[PDB]
Amino acid sequence: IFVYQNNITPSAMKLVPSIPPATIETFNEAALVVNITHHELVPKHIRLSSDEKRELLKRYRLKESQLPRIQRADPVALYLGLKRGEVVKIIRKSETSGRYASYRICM
Amino acid sequence: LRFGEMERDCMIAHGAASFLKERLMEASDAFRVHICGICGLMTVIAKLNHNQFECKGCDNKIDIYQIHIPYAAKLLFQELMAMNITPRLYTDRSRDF
Amino acid sequence: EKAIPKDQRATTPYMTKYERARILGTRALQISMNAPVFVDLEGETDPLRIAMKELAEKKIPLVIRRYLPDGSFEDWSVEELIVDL
Amino acid sequence: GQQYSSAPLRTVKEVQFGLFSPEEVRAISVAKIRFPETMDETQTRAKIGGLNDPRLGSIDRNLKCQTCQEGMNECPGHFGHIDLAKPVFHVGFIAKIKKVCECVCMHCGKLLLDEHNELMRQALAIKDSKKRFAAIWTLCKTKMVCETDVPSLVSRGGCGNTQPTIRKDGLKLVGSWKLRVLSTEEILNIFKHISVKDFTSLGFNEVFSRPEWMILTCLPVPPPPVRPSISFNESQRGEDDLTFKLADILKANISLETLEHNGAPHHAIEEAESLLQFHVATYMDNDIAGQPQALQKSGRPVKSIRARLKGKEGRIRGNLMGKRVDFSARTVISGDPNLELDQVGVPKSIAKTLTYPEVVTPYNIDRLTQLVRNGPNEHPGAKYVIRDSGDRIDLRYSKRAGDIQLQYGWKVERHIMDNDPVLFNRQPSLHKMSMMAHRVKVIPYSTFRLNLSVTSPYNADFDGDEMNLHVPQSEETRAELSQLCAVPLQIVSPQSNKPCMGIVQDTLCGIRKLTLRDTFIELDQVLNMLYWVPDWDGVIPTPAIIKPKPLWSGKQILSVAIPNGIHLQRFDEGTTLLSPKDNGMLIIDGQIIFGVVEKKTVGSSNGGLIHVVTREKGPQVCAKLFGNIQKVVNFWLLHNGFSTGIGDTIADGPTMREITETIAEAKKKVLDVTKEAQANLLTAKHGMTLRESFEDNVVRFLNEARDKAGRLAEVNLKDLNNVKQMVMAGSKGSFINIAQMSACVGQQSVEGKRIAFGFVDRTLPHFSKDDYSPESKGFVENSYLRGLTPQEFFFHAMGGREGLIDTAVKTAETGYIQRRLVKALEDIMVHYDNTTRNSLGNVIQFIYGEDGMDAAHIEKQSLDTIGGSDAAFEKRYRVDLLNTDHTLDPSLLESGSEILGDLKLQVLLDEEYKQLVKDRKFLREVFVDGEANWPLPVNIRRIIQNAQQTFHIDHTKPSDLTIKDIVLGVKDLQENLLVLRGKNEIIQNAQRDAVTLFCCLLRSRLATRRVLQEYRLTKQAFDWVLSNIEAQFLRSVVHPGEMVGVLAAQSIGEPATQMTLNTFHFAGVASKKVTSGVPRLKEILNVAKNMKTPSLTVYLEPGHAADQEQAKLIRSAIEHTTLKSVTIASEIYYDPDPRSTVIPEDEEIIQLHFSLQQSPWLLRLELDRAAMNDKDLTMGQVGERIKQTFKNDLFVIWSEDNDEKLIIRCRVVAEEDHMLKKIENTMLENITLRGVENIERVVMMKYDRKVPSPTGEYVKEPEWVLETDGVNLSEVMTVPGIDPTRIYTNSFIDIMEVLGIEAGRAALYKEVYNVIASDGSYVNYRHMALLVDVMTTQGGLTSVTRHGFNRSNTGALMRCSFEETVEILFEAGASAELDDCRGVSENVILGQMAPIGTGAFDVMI
Amino acid sequence: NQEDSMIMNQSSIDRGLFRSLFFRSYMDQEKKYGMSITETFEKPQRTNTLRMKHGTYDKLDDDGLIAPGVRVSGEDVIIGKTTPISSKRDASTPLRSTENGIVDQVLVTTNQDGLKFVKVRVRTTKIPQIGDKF
RNA sequence: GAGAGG
DNA sequence: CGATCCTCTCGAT
Ligand SMILES: [Mg+2]
Ligand SMILES: [Zn+2]
Ligand SMILES: [Zn+2]
Ligand SMILES: [Zn+2]
């Protein structure tokens, strides 16, 4: 987790994935002054396991494509540090049922 | 009277699949075209009463089917062919693999 | 291929409004075309009112094939399906 | 209609789009096509062996057609070919050609960056025949060379040629090298090669589409059925444009063939070559970049195949998605008090034109024989008898028309008869309720008659309206109408989870008049009224009065129309079970106890008679209830009378005097404020102009006046006032109407402001310049009764016009919205797994509406555990058996005293209580404001009330129940409320979730103390209630097959059409200016990056938000303040001595600023004392900010904050004079004094807030809130003093960018919701949720536009149905797309039963 | 008389209230061009023709026109004309399918080119009925 | 094409 | 490249 304060040179941007299996995640200090996950509008996102994703797809007779999607650069996906293919479970309050679970896949 | 898109929409909302088909076929157009099993085009030389059919080029004579579509759809598919586009109509979901 | 066995069926044990309408319609069509009637019509003549009777007394010999979004299906008989509505 | 075919019948399951190989065109061909001339060969009456006919269809109704015979109306027409002398381009593919050209090397014929490039590697990996090629082109368009070899040296296939900078010119390509034009034959040679592996990577198919096929070598010749003839006069030709253009391309081809094998003039040959291209392409598509088309004896230009398919009156929209149909009829409509709700009055002539094809069965043979005997001219008759073979016997001409011995299996096309289901419709069809099934009732006269209570779904009136009737021609098609589309089935609508039909006009008016305590009926009339009810038992009710004369009340006789077991309770304002005012409503067992019957009881209302009767008795019984009420009321009213005259608009002499004085005092308020504004005493509030402030005040005074005058009028009106009477019933008119007719019309508005100065400094040439008085700017002092003056008349006409202009716009605009909404959600439907999916099988919602409930089976119910104090909750739900004061009294239970003490039973009551306290906490976290009334399935209150009557519960005797019976009973009930059924954990938790809020409602209503003390149920009644909830819950579930996409679209779209006024009713305060209505709804749906009113709403620190001071501080901390905003003037003086001023005012400043080289040029700024005080600025702050910009390169001195005139003096530390004037620009325009960039105006607002008090109940606790003009969410949210948890923006695109897709979605709902709500309309959650989810599922915001949804992975035939028809179809062929035919549109195009409702499953034996 | 309907008195309608005359003129000319080829106003029979309307031509006099005072309805041919095809081709004009009335005035004149041209005025009296707008 | 109707 | 629906009548090419 690299916490830069003003900016990152696009030269340094082309060195981010060059050392796998390890992952490097860059976050502007200004973006972290407030934790977005504490906001009214942000529901709880749960990074579900590889096996949980496997059971989810089986239980709803799905394809990864048929699942609702979440962007790699999504403020929440970044916070959780989601990789593409990973599934997140969104537990949200509902005016209809009280509680509702949606699922989004990382792209 | 025109049974427009907006009316087509209300029949979908009601879930009246047959009434919607009847309006767009039995009332209005509805035409029987002969389709090739190979190229899937309205190529087939409809030689009714003499039981012959045949699609030249494909050298097909047995693999033939009859479909019920609006004349406007038949006209469209022909107009697409006129623009060098192949709207190949197939009678089986076969994605083979 | 594909098919779900009778044991393992997860769809509503209830007949849908769309199922009932298509069922009644198909049977009405049959009766309208001199097909045999599986119930004693008591002064009844309209094919639909007859199909409604055959539905009420569960003497409609049809099966609803319920497709799931992957392509698998659940075969339910008019006989087993509960008619609330 | 056609002959019998031996070939097997099958439907279309796939559409493989592609491109024609010239070799495939030649193979498919039947004709050579060498001549451009038609059919006349040297006068001879036949056909030419060139254009149209040589073996491909007759144009003379001749059974002859090249051996195939068949004749027209059977022959599909056959394709011929045409050999082009030189290769040609395709209009549509021109852009793809150039794009393919910028990807492959010319000469070399290979892709540019395979497969070492750490960009092209990632680009090649992406699965798509469009999105892969998108990345590829962008990557190798920059490349100018083929590249000799590649890095780790690595040697591969790559020549040494410079790739041209290709440019499109007219309809040809030009290449730049560092020149020469690009040939059509040249581009082919490159494309002819390529590579099967490389080309499939750039979006092509070896089998169906190759890039060499984008260039035309052999053009397909369409048959005559595509381009038919036949004129108006049978002496001349009359050919199709397509034929004229094909003759034109032939003339161009033979010319090229001549020139080539003749004297080739080198450059003059290319003049004919460019013209063959401006024919081949112009026949497929006219209206391009070049020039249009010629006359050719017809109306220029030529249409072209492209235009033929182009939407709205084009092959797709005008012929496939919609089309003119047989078995249709139309006329003027009329109302009918004496017609049943589900009926339709059919004119005899129409019943006689329209037919039903009935099969001859023993069950009808007698009736059919008689009908055939009556024939086509006597009504219950028929026209046509169809036998075996299919031959139609014309009953109006046949010589045997009076013979005919029917046989079983024959069909009789009988006339439309009483009770036949018919589809009745009113355009525009914004609703599914706009298109409903009725029972035919054949009547005299030429109009369609309809029941008055069906007028609303159709939005019909009888001022000239026309409606359409459609006749089902199949037994299953009639079943579909009677079982799905019927009027009674539609009474309670899913749009707003409430009835869409109610008692209106005369009936609504008379039902009130009948219901008055004063309203009494005598025997004679009573008897007639009773008989007028068809469901009447024959029993005369005992009269309310039995003394000097039997006298029945109106309430009494109207209760005959209400069926038994109907319970309704209301309470309006002063309703007290002794209902002093006769308000509220109490109906027990279908007998009205008290309450005047009006709109709240008998209208389209949420929990009224109609919503109740449908749910309790059923749709068929409810539709009888319409007629029954109509019959009694219409009769009583016919005999009572009801009028309205000029006298009903007249108020008292004294009222008028008071109205007159009310206006004169308003007139003085405006004068005083004017006089004050003109004296410079009026101070403007932060955020708004002195003139804006004035205008806001004047308008309030003026609106107040109209409202005060109007209220004065309304009060004066007696209960016998006919206008007052119609307002009381709710049949016509509101307050405004009374006020404007009787008291004062009021202020006229244009563009939300009072009448503008259209003449210089005046509204009219009858006024003097600069006159801001009410009369001058459009205030109508007079009422329509008194009459308007010419000035007033003109101004009212100006206001009037703005209304008609937007009416005209807020119809064509909303119509376009509605289309887009419908197209985007078309394919969304509920599947057999309770899931919500599109045609691709992609999930939109996992459970429909998040609860899997049908919107029409849901109603607003109070969540009893959420509200009240913690003490009230305790009193209501707590049972402490181990407490003498807090047990259940033995008078509530058979075990009462046997249980006092206990212990084992208190563990169960503690478990019961803990869940209720858990619920209260949970509900308060979901519904923050503490709103209890929410739409939920199963009306528990009603079920309870029904058990109370059914079992005849005596509130005196103790119950036979047990704590176990109640506690376990309710607990087991919860395990039986199925929405889903799978035995797995994912499904079991999804089920657990769906039913959470309903189980809350259930627990709150079925708690031990409630069941015992409140309801006082028995075991019998309790067990019945338990089973009634389960049965009604299971009924309330959505049916797989439900077409929710279209439902949602129409449920949002329809109200949008009814959205009146583009300008918001917030006319008082000028800071309320947020975009609303249809313009806003358009901003939301198009996902407009540049919205008109971007705004932040800032909630302060939880403390600390009541602190008016802390708010002012955060306002100045965030509002963007520059130097320009505080400066009066800037000057440049020549003050050469730095320590001696030339300016005598400044002297004192220079005395100081020496302790605790320069330039002789001084930059001197004067600041405004008031502006510096409006903002939280001091000279020191302004000065130190200028100082911290140029630091050392500028010298800044300044005057003190107390020092009379605010001055800042600057100096630069040859060619100096210009540099300073340059600095001043940066100083004013490019310097932030304080605030956040993009945040222009910040306003302090006091907001109301429902918050829980320390005793439990919700309390109104007001809070200071900041309202912004402009947006910077990221920056403002980090400002200290705010609540970063509550920060909001109407810029949902920014909420998306900062907080994520889920917060973006929630904000997008809030947005859509607000547009609907501002209009006062209500739409069910599930419809807007579905929209918002659809716009959301991709991880971003996809617009309801050709850019948004229409570019998605869906079927080519479904996308082309919307917009960009041809281009969608062109890329479909080029990319060689496959269409599932799983969507509605492709099935409508194919004339196949779509997998929608009825066809969303298969029927087997 | 709800939602914008009205109740009209039949008795006053019998006395003439809101009763009106309706006139419709139908026009035709003998051809546009043809040096020897000229259309003709006549009552057409067989002469191979078969392109007839019928709608009875039976109300036509020998000039191809109906005399004023004859009752016309349905698709009764009101102007009879033929196009010479080298036998006859029908160019007759039927009364508007939905209309009916009495032939009022029949004008036979000549155009500036010397064209025999006709105008036929037909007259209906419209009495206020149920779906009529006021 | 224009004029109109809801 | 979009730009309410449907309905009517008229005249002219
Ligand atoms: Mg109207
Ligand atoms: Zn073939
Ligand atoms: Zn043929
Ligand atoms: Zn090369």
# chains A, B, ... in the order shown; residues from 1 in each chain; ligands from 1

call {"tool": "residues_near_ligand", "arguments": {"ligand": "ligand 3", "cutoff": "7 Å", "atoms": "only C-alpha atoms (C1' of nucleotides) and all ligand atoms", "output": "mmCIF file with N, CA and C atoms, in the first residue's frame"}}
result
data_model
loop_
_atom_site.group_PDB
_atom_site.id
_atom_site.type_symbol
_atom_site.label_atom_id
_atom_site.label_comp_id
_atom_site.auth_asym_id
_atom_site.auth_seq_id
_atom_site.Cartn_x
_atom_site.Cartn_y
_atom_site.Cartn_z
ATOM 1 N N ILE B 45 -35.711 -22.851 -54.152
ATOM 2 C CA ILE B 45 -36.595 -22.702 -55.299
ATOM 3 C C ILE B 45 -37.857 -23.511 -55.000
ATOM 4 N N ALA B 46 -38.864 -22.821 -54.443
ATOM 5 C CA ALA B 46 -40.149 -23.395 -54.072
ATOM 6 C C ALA B 46 -40.838 -23.961 -55.314
ATOM 7 N N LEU D 56 -36.831 -14.803 -62.774
ATOM 8 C CA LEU D 56 -36.928 -14.426 -61.341
ATOM 9 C C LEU D 56 -38.239 -13.799 -60.765
ATOM 10 N N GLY D 57 -39.375 -14.046 -61.426
ATOM 11 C CA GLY D 57 -40.688 -13.561 -60.991
ATOM 12 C C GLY D 57 -41.466 -12.771 -62.029
ATOM 13 N N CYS D 65 -43.283 -18.617 -63.663
ATOM 14 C CA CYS D 65 -42.076 -18.119 -63.016
ATOM 15 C C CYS D 65 -41.013 -19.193 -63.139
ATOM 16 N N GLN D 66 -40.172 -19.076 -64.186
ATOM 17 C CA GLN D 66 -38.986 -19.901 -64.473
ATOM 18 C C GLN D 66 -39.006 -21.399 -64.061
ATOM 19 N N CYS D 68 -40.417 -22.938 -61.527
ATOM 20 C CA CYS D 68 -40.932 -22.932 -60.134
ATOM 21 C C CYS D 68 -42.435 -22.683 -60.114
ATOM 22 N N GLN D 69 -42.932 -21.957 -61.144
ATOM 23 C CA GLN D 69 -44.325 -21.580 -61.360
ATOM 24 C C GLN D 69 -44.826 -20.787 -60.146
ATOM 25 N N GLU D 70 -45.674 -21.404 -59.300
ATOM 26 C CA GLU D 70 -46.234 -20.841 -58.067
ATOM 27 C C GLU D 70 -47.096 -19.586 -58.222
ATOM 28 N N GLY D 71 -46.594 -18.609 -58.975
ATOM 29 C CA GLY D 71 -47.262 -17.334 -59.193
ATOM 30 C C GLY D 71 -47.113 -16.430 -57.988
ATOM 31 N N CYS D 75 -44.657 -17.092 -54.688
ATOM 32 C CA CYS D 75 -43.265 -16.949 -55.105
ATOM 33 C C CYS D 75 -42.595 -15.886 -54.234
ATOM 34 N N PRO D 76 -41.445 -16.201 -53.603
ATOM 35 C CA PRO D 76 -40.783 -15.182 -52.768
ATOM 36 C C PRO D 76 -39.968 -14.184 -53.598
ATOM 37 N N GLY D 77 -39.732 -14.539 -54.865
ATOM 38 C CA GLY D 77 -38.899 -13.779 -55.779
ATOM 39 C C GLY D 77 -37.509 -14.358 -55.668
ATOM 40 N N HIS D 78 -36.745 -14.326 -56.762
ATOM 41 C CA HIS D 78 -35.419 -14.934 -56.754
ATOM 42 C C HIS D 78 -34.285 -13.970 -57.023
#

call {"tool": "select_by_dssp", "arguments": {"residues": "chain B", "states": "strand (DSSP E)", "output": "ChimeraX atom specification"}}
result
/B:2-3,31-36,64-69,88-90

call {"tool": "residues_around", "arguments": {"residues": "residue 4 of chain A", "least_positions_apart": "5", "cutoff": "10 Å", "atoms": "only C-alpha atoms (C1' of nucleotides)", "output": "PyMOL selection string"}}
result
chain A and resi 26-30

call {"tool": "write_last_selection", "arguments": {"atoms": "N, CA and C atoms", "output": "mmCIF file, in the first residue's frame"}}
result
data_model
loop_
_atom_site.group_PDB
_atom_site.id
_atom_site.type_symbol
_atom_site.label_atom_id
_atom_site.label_comp_id
_atom_site.auth_asym_id
_atom_site.auth_seq_id
_atom_site.Cartn_x
_atom_site.Cartn_y
_atom_site.Cartn_z
ATOM 1 N N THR A 26 -1.721 2.091 -5.046
ATOM 2 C CA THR A 26 -1.432 3.502 -4.777
ATOM 3 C C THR A 26 -2.660 4.306 -4.372
ATOM 4 N N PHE A 27 -2.542 5.040 -3.256
ATOM 5 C CA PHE A 27 -3.616 5.857 -2.706
ATOM 6 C C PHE A 27 -3.162 7.275 -2.338
ATOM 7 N N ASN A 28 -3.817 8.284 -2.927
ATOM 8 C CA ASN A 28 -3.567 9.699 -2.646
ATOM 9 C C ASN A 28 -4.045 9.993 -1.218
ATOM 10 N N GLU A 29 -3.206 10.642 -0.410
ATOM 11 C CA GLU A 29 -3.561 10.960 0.975
ATOM 12 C C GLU A 29 -4.914 11.647 1.051
ATOM 13 N N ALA A 30 -5.143 12.636 0.164
ATOM 14 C CA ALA A 30 -6.373 13.426 0.042
ATOM 15 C C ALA A 30 -7.629 12.564 -0.093
#

call {"tool": "residues_around", "arguments": {"residues": "segment 17-21 of chain C", "least_positions_apart": "2", "cutoff": "7 Å", "atoms": "only C-alpha atoms (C1' of nucleotides)", "output": "mmCIF file with C-alpha atoms, in the first residue's frame"}}
result
data_model
loop_
_atom_site.group_PDB
_atom_site.id
_atom_site.type_symbol
_atom_site.label_atom_id
_atom_site.label_comp_id
_atom_site.auth_asym_id
_atom_site.auth_seq_id
_atom_site.Cartn_x
_atom_site.Cartn_y
_atom_site.Cartn_z
ATOM 1 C CA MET C 15 -49.806 -22.504 -11.131
ATOM 2 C CA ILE C 23 -53.572 -24.133 -20.218
ATOM 3 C CA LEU C 24 -57.213 -23.003 -20.476
ATOM 4 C CA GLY C 25 -56.604 -21.582 -23.948
ATOM 5 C CA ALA D 479 -58.621 -16.854 -23.053
ATOM 6 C CA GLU D 480 -55.577 -14.527 -22.928
ATOM 7 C CA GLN D 483 -57.808 -14.281 -18.068
ATOM 8 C CA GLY D 1041 -43.302 -14.765 -16.701
ATOM 9 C CA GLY D 1397 -45.733 -14.501 -19.811
ATOM 10 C CA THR D 1398 -47.878 -16.993 -21.776
#

call {"tool": "residues_near_ligand", "arguments": {"ligand": "ligand 1", "cutoff": "9 Å", "atoms": "only C-alpha atoms (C1' of nucleotides) and all ligand atoms", "output": "PDB file with N, CA, C and O atoms (P, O5', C5', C4', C3', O3' and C1' of nucleotides), in the first residue's frame"}}
result
ATOM      1  N   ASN D 459     -57.585   7.460 -19.939  1.00  0.00           N
ATOM      2  CA  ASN D 459     -57.474   8.905 -19.867  1.00  0.00           C
ATOM      3  C   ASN D 459     -58.358   9.462 -20.955  1.00  0.00           C
ATOM      4  O   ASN D 459     -57.963  10.314 -21.754  1.00  0.00           O
ATOM      5  N   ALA D 460     -59.573   8.935 -20.971  1.00  0.00           N
ATOM      6  CA  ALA D 460     -60.629   9.245 -21.908  1.00  0.00           C
ATOM      7  C   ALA D 460     -61.613  10.298 -21.368  1.00  0.00           C
ATOM      8  O   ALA D 460     -61.803  10.438 -20.160  1.00  0.00           O
ATOM      9  N   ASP D 461     -62.193  11.072 -22.286  1.00  0.00           N
ATOM     10  CA  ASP D 461     -63.290  12.007 -22.054  1.00  0.00           C
ATOM     11  C   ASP D 461     -64.180  12.006 -23.310  1.00  0.00           C
ATOM     12  O   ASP D 461     -63.836  11.357 -24.296  1.00  0.00           O
ATOM     13  N   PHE D 462     -65.344  12.614 -23.240  1.00  0.00           N
ATOM     14  CA  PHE D 462     -66.256  12.545 -24.348  1.00  0.00           C
ATOM     15  C   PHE D 462     -66.376  13.869 -25.140  1.00  0.00           C
ATOM     16  O   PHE D 462     -67.465  14.199 -25.614  1.00  0.00           O
ATOM     17  N   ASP D 463     -65.236  14.584 -25.336  1.00  0.00           N
ATOM     18  CA  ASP D 463     -65.171  15.845 -26.079  1.00  0.00           C
ATOM     19  C   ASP D 463     -64.732  15.640 -27.529  1.00  0.00           C
ATOM     20  O   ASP D 463     -64.152  16.546 -28.124  1.00  0.00           O
ATOM     21  N   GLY D 464     -64.960  14.443 -28.060  1.00  0.00           N
ATOM     22  CA  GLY D 464     -64.570  14.091 -29.417  1.00  0.00           C
ATOM     23  C   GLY D 464     -63.616  12.918 -29.527  1.00  0.00           C
ATOM     24  O   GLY D 464     -63.325  12.493 -30.650  1.00  0.00           O
ATOM     25  N   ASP D 465     -63.145  12.350 -28.377  1.00  0.00           N
ATOM     26  CA  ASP D 465     -62.208  11.210 -28.332  1.00  0.00           C
ATOM     27  C   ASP D 465     -62.682  10.009 -29.164  1.00  0.00           C
ATOM     28  O   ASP D 465     -63.887   9.772 -29.300  1.00  0.00           O
ATOM     29  N   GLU D 466     -61.722   9.237 -29.687  1.00  0.00           N
ATOM     30  CA  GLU D 466     -61.964   8.000 -30.451  1.00  0.00           C
ATOM     31  C   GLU D 466     -61.141   6.884 -29.831  1.00  0.00           C
ATOM     32  O   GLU D 466     -60.069   7.132 -29.289  1.00  0.00           O
TER      33      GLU D 466
ATOM     34  N   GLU E   3     -68.146  13.539 -18.281  1.00  0.00           N
ATOM     35  CA  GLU E   3     -66.801  13.661 -18.903  1.00  0.00           C
ATOM     36  C   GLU E   3     -66.856  14.312 -20.281  1.00  0.00           C
ATOM     37  O   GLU E   3     -66.245  13.805 -21.210  1.00  0.00           O
ATOM     38  N   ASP E   4     -67.623  15.402 -20.417  1.00  0.00           N
ATOM     39  CA  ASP E   4     -67.832  16.174 -21.653  1.00  0.00           C
ATOM     40  C   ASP E   4     -68.842  15.673 -22.681  1.00  0.00           C
ATOM     41  O   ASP E   4     -68.777  16.101 -23.815  1.00  0.00           O
TER      42      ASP E   4
ATOM     43  P     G F   6     -59.942  18.232 -30.200  1.00  0.00           P
ATOM     44  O5'   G F   6     -59.627  16.788 -29.599  1.00  0.00           O
ATOM     45  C5'   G F   6     -60.633  15.973 -29.035  1.00  0.00           C
ATOM     46  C4'   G F   6     -59.957  14.794 -28.393  1.00  0.00           C
ATOM     47  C3'   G F   6     -58.892  15.185 -27.389  1.00  0.00           C
ATOM     48  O3'   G F   6     -59.430  15.543 -26.114  1.00  0.00           O
ATOM     49  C1'   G F   6     -58.009  13.624 -28.936  1.00  0.00           C
TER      50        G F   6
END
